[PDB]
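Numbering (the deposited numbering), first residue to last: 1 to 29. Note sheet for the following structure.
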Amino acid sequence: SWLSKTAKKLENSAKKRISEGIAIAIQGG
């Protein structure tokens, strides 16, 4: 697959957005 495949790199960039909620948890998220 091209998308579903490249979705790994993308989705990955999201996996962070999750852990980011923590770094922002103090930012005033």
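We put the beta carbon where it would ideally sit given N, CA and C, even for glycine.
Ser1: first and last residue of the uninterrupted alpha helix (DSSP H) it sits in: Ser1 -> no alpha helix (DSSP H), and no H or E assigned at all.
Does the distance from the C-beta atom of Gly21 to that of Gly28 stay below 8 Å? Pairing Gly21 with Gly28 gives a Cβ-Cβ distance that is not under 8 Å.
Using the Cα positions of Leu10 and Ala25, report the straight-line distance between them to the nearest angstrom. Between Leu10 and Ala25, the C-alpha separation is close to 23 Å.
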